[PDB]
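Note sheet for the following structure.
When we count neighbours, we look across all protein chains shown, and the Cβ atoms used for this are built from the backbone with ideal geometry, even at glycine. Read-outs: derived from the displayed coordinates by stated rules, not from any lab.
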Amino acid sequence: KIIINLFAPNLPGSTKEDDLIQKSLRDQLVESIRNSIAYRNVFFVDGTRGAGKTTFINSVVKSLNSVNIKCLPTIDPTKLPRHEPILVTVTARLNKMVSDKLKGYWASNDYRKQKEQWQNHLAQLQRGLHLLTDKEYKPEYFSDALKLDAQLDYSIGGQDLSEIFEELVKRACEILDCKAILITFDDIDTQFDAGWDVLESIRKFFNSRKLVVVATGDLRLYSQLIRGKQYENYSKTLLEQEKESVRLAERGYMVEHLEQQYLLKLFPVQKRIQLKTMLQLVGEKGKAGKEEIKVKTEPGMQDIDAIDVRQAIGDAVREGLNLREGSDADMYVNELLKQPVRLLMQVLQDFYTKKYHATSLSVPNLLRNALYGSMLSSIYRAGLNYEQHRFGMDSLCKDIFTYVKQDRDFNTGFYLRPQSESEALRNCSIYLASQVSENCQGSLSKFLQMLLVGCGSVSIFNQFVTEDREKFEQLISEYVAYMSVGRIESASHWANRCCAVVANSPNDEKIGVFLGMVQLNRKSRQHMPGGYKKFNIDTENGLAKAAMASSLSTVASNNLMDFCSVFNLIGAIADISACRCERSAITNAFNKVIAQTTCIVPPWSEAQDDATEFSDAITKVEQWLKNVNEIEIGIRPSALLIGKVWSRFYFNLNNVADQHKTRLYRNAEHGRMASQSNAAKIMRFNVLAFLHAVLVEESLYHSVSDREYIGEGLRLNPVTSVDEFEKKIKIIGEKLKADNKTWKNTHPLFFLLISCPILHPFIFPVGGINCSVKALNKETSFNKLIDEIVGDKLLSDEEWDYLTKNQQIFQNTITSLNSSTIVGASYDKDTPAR
Amino acid sequence: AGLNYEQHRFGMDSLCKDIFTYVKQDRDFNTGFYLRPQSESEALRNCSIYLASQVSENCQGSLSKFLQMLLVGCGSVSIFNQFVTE
C-alpha cells in the first residue's frame with residue numbers, strides 16, 4: 001500500500017517512508033548484510049540510471065544506523081575534488097566519527113590510551129600519502145620509510161598502506177563499540193573520470209573483514225570504464241603496429257577476459273542486488289503485483305480511494321493520444337513503464353499539475369508539453385523540429401517522414417507505434433503520436449492533409465522511387481527534395497508531384513490505367529467506331545466542371561499527358577474546410593493544377609452565361625460548409641487509426657489498377673456489366689474504394705464510440721463490386737436504428753466525407769453503373785441508402801433511370817467522361833458475358 | 001555479444017531479437033536456434049548458455065508461450081537465411 005503524492009518535492013534526500021518504492025528488496029539486503037558480517041565483502045545494488053539508487057543508500061544506511069554495525073555517512077566520489085583520492089575522504093570522514101566518540105569517552109585513563117593509538121594510526125597513514133600523492137618518488141625519501149618499530153608488529157616491510165588502513169579501521173571499530181564499519185558509495189553517472197580511482201582503491205584496501213562496502217551505479221558504465229583502462233595498459237606502438245583484424249579481435253578478447261574477471265572478483269555475484277523496475281512491481285495487465293503502488297494527481301483525494309497507477313496512466317495517455325480504450329493503449333503504457341524513475345515520475349507530475357491548474361480541455365496539449373521536457377535527448381538526436389512555435393502543418397509531416405526512414409520499414413513507419421528496438425525511434429514515436437493528436441483535433445483540413453502527405457509519401461517512395469549501399473541514402477536524399485516534403489502548399493499540389501511519381505513508370509502494353517488515376521486521350525486516332533472521341537471542356541454543366549476541376553492533374557513531358565486524378569478531390573476539399581470563408585478558396589483552390597501548377601519530368605526519367613451557372617453549385621456547397629463547420633468540433637483521431645485509414649485506402653485503389661487493367665473492351669460504350677471497364681468505371685471504383693475503406697474501421701477505432709458497429713463477420717475491399725459494402729450499410733444502419741445512435745456521434749468524418757457536394761457528381765456516373773437483372777436492383781438499393789445518408793436528393797427520379805435503364809446534360813453526373821477515350825488502350829478486345 | 005540486459009524489457013520480442021543477434025555473431029543460421037554452447041569463441045559460448053537458460057526459464061510451466069517463440073524464435077532465423085540471405 002504505497003501512496004504517491006506528486007505535489008511533494010520528491011527529491012532523493014527528502015522523500016519519506018510512505019513514498020518509498022522498494023522495501024522488500026531493502027530489508028532482505030539489510031538482514032543479509034548483518035548475516036554476512038555476523039560470521040570480498042562488497043555489496044553492489046544495480047539499477048537503471050536515475051532509478052531510486054540515492055533513496056536506497058539512504059534507506060539502508062539509516063536502517064543500519066537506527067548486530068551493532070556503525071555505518072559511515074553517504075559519500076559521493078563525484079561530490080569531491082577532482083584530484084582528491086577517496087581514501088583521503090574516507091579517513092577524514094571516519095576521523096570525525098572516531099573523534100566524536102573520544103569526546104564522549106573523555107576524561108578517563110583509557111581516553112589517553114585510545115587516543116595515543118589513534119594519533120599513531122593517522123601519523124603512520126599520513127606517511128603513505130607521500131607514497132601515493134607524489135608525482136615521482138625521490139630516493140632522498142628512502143629514509144622516511146624503513147624506520148619501522150616493534151610497535152603493532154608490521155607484518156609487511158616498508159610503508160605498506162594496505163595493513164595501515166586495516167589496522168586503523170579495526171582500532172576505529174572497537175572505539176566505535178561496533179564489530180564492523182560500513183562504507184556507502186554513490187553513483188558516478190554524472191562525473192565518471194573518478195570512477196577508475198574508485199575501482200582501484202576498492203580492491204586494494206577495502207578487503208578487511210571489519211569493513212563492508214556498498215556501491216551503486218550501472219554495470220554497463222563500469223564495463224566501458226574498465227575496458228578503456230585495459231587498452232591503455234597495452235604499449236602504444238603495439239596498437240598501431242599490429243592492425244590486423246584477427247589480432248584486433250584476439251587482443252580485444254583478452255581485455256574482455258581481463259574485464260570479466262575484474263568485475264567478478266571486485267563485485268561477487270551473490271552480493272550483487274538487481275533492483276526492481278516499476279513495471280516488475282506494478283505488474284502486467286492481469287498479473288498480480290508484488291507491491292501495491294498507487295499514485296495521486298491532486299493532494300485532495302483520500303489515500304484509500306486514490307486512483308491506481310494503471311488507471312492513472314491509462315486514461316491520461318489515452319486522452320493525451322486521442323485513442324479508444326483497449327490493447328492499443330496497453331502497449332503504449334507497456335513502453336512507458338520501461339522508462340526510468342525520474343522520467344516517468346516527472347511526466348506524471350507535470351502533466352497532472354497542468355490538468356489540475358487548467359481545470360481549476362486539450363488533454364494532448366498538456367501531454368505534449370509534459371513529455372517535451374523529458375524526452376529531450378532522443379528528440380535532439382532524431383533531427384526533429386525543436387522550436388516551440390513551429391508546431392505546424394508541414395514541419396510535423398516532414399519530421400514523421402524521416403522518422404520512418406530511420407525506421408527503414410516503409411510499410412509500418414507511419415503508424416507511430418512506440419515498439420521500436422532503438423531508443424531514438426521509440427522515444428520519437430510516442431512524441432509524434434502526442435503532437436498529431438493536437439493538430440488534428442477539431443479539424444478536417446489537417447485530418448485529410450496529414451492522412452495523405454504523411455502516410456503515403458513513404459509508400460510511394462518504395463513503390464516507385466526505391467525500385468554499394470549509398471543508394472539507400474541517395475534515394476532518401478533525392479526524395480525529400482523532389483517530393484518537397486515539408487514544403488507547405490495546397491493539398492492537391494502535394495498530389496501533383498505524386499502524380500508524376502505515379503506516372504513515371506509506364507505499365508505493360510501501355511494500358512492507360514494507373515493507381516486510381518484517369519488518363520484522358522487528346523490525340524486523334526483514325527477510324528474510331530462507337531461513341532469515343534475527344535472529351536469536350538465547354539459543353540457540360542458547372543457541377544461536373546467543378547468536380548472535374550477538383551479532379552484534374554497536369555504533368556508536362558516531351559509528350560504532355562493530362563490527368564484526372566482522384567487525390568485532387570481530397571486535396572481540394574482539404575483547404576476548403578480551413579479557409580471556410582472569404583468566397584475565394586471556393587473559387588481559387590480549384591484552379592492552380594489545371595494550368596498554373598505544371599509538374600516537370602523527374603530527373604531520374606528517360607523521356608446561359610459561362611460563369612453564372614456556377615452559382616447553383618456554390619449555394620449547395622455553402623450549405624454543406626455551414627453544416628460541417630459546426631460538426632467538426634468533436635474530432636479526436638489517432639495516428640495509428642489514421643495510418644491504417646490511409647493504408648486501407650492504399651490497398652483499396654490497387655484493385656482497380658490491376659484487375660481492371662484488362663477489363664477494357666471495344667463494346668464498353670456506356671457499359672452495363674462489371675466485366676467491361678470504361679473511363680467512367682475506373683474512377684467510379686476509385687471513389688467507392690476511398691469511401692468504403694474509411695467506413696470499415698472508423699467504428700473499429702474511434703474517439704466517441706465504445707464498441708464496433710459492424711459486429712462480427714468478414715471485412716474486405718471491393719475488387720469487382722460493392723456487394724459486401726452494400727451489406728455493411730444495412731448492418732450498421734439497422735444498428736444505428738435498432739439502437740438509437742446518431743450518425744455524427746459515431747461516424748463524424750464519414751458523415752462529412754460521403755455527403756460532400758465535391759465528390760457527389762462522380763458517385764453516379766453514366767457509364768460506371770453495374771446494370772443487370774439483379775446487379776442494377778442492388779445499385780438502386782445502394783442509391784437509396786446513399787441518398788438516405790447524405791440527406792439531400794442528389795440524383796432525381798428521371799436522371800437515375802435515364803442512365804441505369806439504357807442530349808441530356810445533368811449536373812450531378814459527368815455525361816461525356818464514359819465516352820472519353822484513354823490513350824494507349826484503344827479497346828481492342830471484346831466483351832464476354834454469361 | 002550485444003544482447004538485452006534491462007530487467008523490464010525481458011519478453012518474447014527481446015528474446016527473439018537476442019536469439020537472432022546471437023545467431024548472427026556465430027553465423028550459424030542452421031543450428032543457431034539450438035542454442036548450443038559449442039562455438040569456438042568462449043564469450044560467444046558463454047552467451048549461448050545465457051540464452052539457453054532464458055529459453056528454458058520462461059518456458060517452464062507454459063505451453064501458450066512455447067508456441068509463440070517456436071513461430072518467431074525458430075522461424076525468423078530460418079526464413080531470413082532462406083529468403084533474404086539466399
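Applying a threshold of 7 Å to beta carbon distances and a minimum spacing of six or more residues, or different chains, the list of pairs starting in segment A:399-419 at a residue that is closer than 17 Å to A:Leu384 by Cα and ending at one that is assigned to a loop (DSSP other than H, G, I, E, B) reads A:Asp399/A:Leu384; A:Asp399/A:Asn385; A:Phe401/A:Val485; A:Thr402/A:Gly383; A:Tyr403/A:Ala382; A:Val404/A:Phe410; A:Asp407/A:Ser420.
Counted as qualifying within segment A:488-596 are the helices (runs of 4 or more DSSP H) with 1 or more residues that are under 30 Å from A:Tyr665 (Cα atoms) and aliphatic (A, V, I, L, M), namely A:491-503, A:542-549, A:567-579. Across segment A:277-305, the qualifying residues are those that are buried (at least 19 other Cβ atoms within 10 Å of the Cβ) and part of a loop (DSSP other than H, G, I, E, B), and the one among them that is nearest to the other protein chains (Cβ to nearest Cβ) is A:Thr277. Would a scan of segment A:242-255 turn up a residue that is surrounded by 18 or more Cβ atoms within 10 Å (Cβ to Cβ), in a helix (DSSP H, G or I) and within 14 Å of another protein chain (Cβ to nearest Cβ)? The answer is yes, given that some residue of segment A:242-255 is surrounded by 18 or more Cβ atoms within 10 Å (Cβ to Cβ), in a helix (DSSP H, G or I) and within 14 Å of another protein chain (Cβ to nearest Cβ).
A:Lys210: charged (D, E, K, R), closer than 30 Å to A:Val67 by Cα and in contact with a strand residue (DSSP E or B) (Cβ under 7 Å, 6 or more places away or on another chain), yes or no?
yes
In summary, A:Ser437 fulfils each of the numbered conditions (1) of a type in the set (S, T, N, Q); (2) touching a helix residue (DSSP H, G or I) at 6+ places or on another chain (Cβ under 7 Å); (3) over 19 Å from A:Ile635 (Cα atoms) with the single exception of condition (3). Residues in segment A:438-460 include none that are farther than 19 Å from A:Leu396 by Cβ and assigned to a loop (DSSP other than H, G, I, E, B). Consider segment A:462-487 and keep the residues that are closer than 30 Å to A:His702 by Cβ and in a helix (DSSP H, G or I). The one that is nearest to the chain's Cα centre (by Cα) is A:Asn462. On the stretch given as segment A:366-389, residues that are assigned to a helix (DSSP H, G or I) and not aliphatic (A, V, I, L, M) total 9.
Any residue at all in segment A:266-273 that is in a helix (DSSP H, G or I), among the aromatic types (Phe, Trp, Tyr) and away from chain B (no Cβ under 14 Å)? Lay out the reasoning, then the answer.
At the first step, the residues of segment A:266-273 found to be in a helix (DSSP H, G or I) are A:266.
From what's left, among the aromatic types (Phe, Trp, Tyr): none.
Within segment A:266-273, none of the residues are in a helix (DSSP H, G or I), among the aromatic types (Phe, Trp, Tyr) and away from chain B (no Cβ under 14 Å).
Checked against (1) within 14 Å of another protein chain (Cβ to nearest Cβ); (2) in a helix (DSSP H, G or I); (3) touching a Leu at 6+ places or on another chain (Cβ under 8 Å), B:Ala1 passes all but condition (2).
Sub-7 Å Cβ pairs linking a first residue in segment A:534-560 that is among the aromatic types (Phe, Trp, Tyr) to a second residue that is part of a loop (DSSP other than H, G, I, E, B), at least 6 apart or interchain, are A:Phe535/A:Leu520; A:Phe535/A:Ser816; A:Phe535/A:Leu817, ordered by first then second residue.
For every residue, the table says whether it meets (1) more than 27 Å from A:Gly252 (Cα to Cα); (2) away from chain A (no Cβ under 14 Å); (3) touching a helix residue (DSSP H, G or I) at 6+ places or on another chain (Cβ under 7 Å).
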{"site": "B:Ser14", "(1), (2), (3)": "no, no, no"}
{"site": "B:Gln25", "(1), (2), (3)": "no, no, yes"}
{"site": "B:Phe29", "(1), (2), (3)": "no, yes, yes"}
{"site": "B:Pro37", "(1), (2), (3)": "no, yes, yes"}
{"site": "B:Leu44", "(1), (2), (3)": "no, no, yes"}
{"site": "B:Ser56", "(1), (2), (3)": "yes, yes, no"}
{"site": "B:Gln60", "(1), (2), (3)": "yes, yes, no"}
{"site": "B:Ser76", "(1), (2), (3)": "yes, no, yes"}
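Of the numbered criteria (1) under 26 Å from A:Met673 (Cα atoms); (2) in a loop (DSSP other than H, G, I, E, B), the one A:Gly713 fails is (1).
Checked against the criteria, A:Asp308 counts as within 22 Å of A:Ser327 (Cα to Cα) and loosely packed, with under 15 Cβ neighbours inside 10 Å. For segment A:716-735, the set of residues classified as assigned to a helix (DSSP H, G or I) and under 24 Å from A:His660 (Cα atoms) consists of A:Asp723, A:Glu724, A:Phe725, A:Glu726, A:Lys727, A:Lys728, listed by residue number.
A:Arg417 meets the conditions (1) in contact with a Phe, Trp or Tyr (Cβ under 8 Å, 6 or more places away or on another chain); (2) in a loop (DSSP other than H, G, I, E, B) in every case but one. The failed one is (1). Exactly one condition in (1) crowded, with 18+ Cβ neighbours inside 10 Å; (2) touching a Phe, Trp or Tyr at 6+ places or on another chain (Cβ under 9 Å) is false for A:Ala180; which is it? Condition (2) is where A:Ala180 drops out. Residue check: A:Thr190 meets all listed conditions (1) hydroxyl-bearing (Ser, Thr, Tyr); (2) within 14 Å of chain B (Cβ to nearest Cβ); (3) not in a helix (DSSP H, G or I) but one, namely (2).
A count restricted to segment A:787-823 and to residues that are surrounded by 15 or more Cβ atoms within 10 Å (Cβ to Cβ) and either in a loop (DSSP other than H, G, I, E, B) or at positive phi (or both) stands at 15.
The set of residues from segment B:16-48 being of a type in the set (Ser, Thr, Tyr) and either surrounded by fewer than 18 Cβ atoms within 10 Å (Cβ to Cβ) or over 11 Å from the mean Cα position of the chain (by Cα) (or both) comprises B:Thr21, B:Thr31, B:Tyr34, B:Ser39, B:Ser41. When the residues of segment A:391-429 are filtered to those that are surrounded by 21 or more Cβ atoms within 10 Å (Cβ to Cβ) and of a type in the set (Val, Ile, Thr), the one that is farthest from the other protein chains (Cβ to nearest Cβ) is A:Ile400. Within segment A:281-314, the set of residues being within 26 Å of the chain's Cα centre (by Cα) and small (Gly, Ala, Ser) comprises A:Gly283, A:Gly286, A:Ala312, A:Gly314. Considering only residues in segment A:597-617 that are in a helix (DSSP H, G or I) and not polar (S, T, N, Q), the one that is nearest to the chain's Cα centre (by Cα) turns out to be A:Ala617. Condition check: under 21 Å from A:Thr89 (Cα atoms), assigned to a helix (DSSP H, G or I) and in contact with a strand residue (DSSP E or B) (Cβ under 7 Å, 6 or more places away or on another chain). Does A:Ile183 satisfy that? Criteria not met by A:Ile183.
Within segment A:743-786, the set of residues being in a helix (DSSP H, G or I) and among the aromatic types (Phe, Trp, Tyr) comprises A:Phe750, A:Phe751, A:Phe782.
Scanning segment A:193-224 for residues being touching a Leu at 6+ places or on another chain (Cβ under 8 Å), assigned to a helix (DSSP H, G or I) and under 18 Å from A:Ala92 (Cα atoms) gives a total of 3.
Against the list (1) crowded, with 16+ Cβ neighbours inside 10 Å; (2) assigned to a helix (DSSP H, G or I), the condition B:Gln7 fails is (2). Taking each residue of segment A:605-616 that is farther than 30 Å from A:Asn504 by Cα and looking for partners that are surrounded by 10 or more Cβ atoms within 10 Å (Cβ to Cβ) with beta-carbon atoms closer than 6 Å, six or more apart or interchain, yields A:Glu613/A:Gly542; A:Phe614/A:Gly542.
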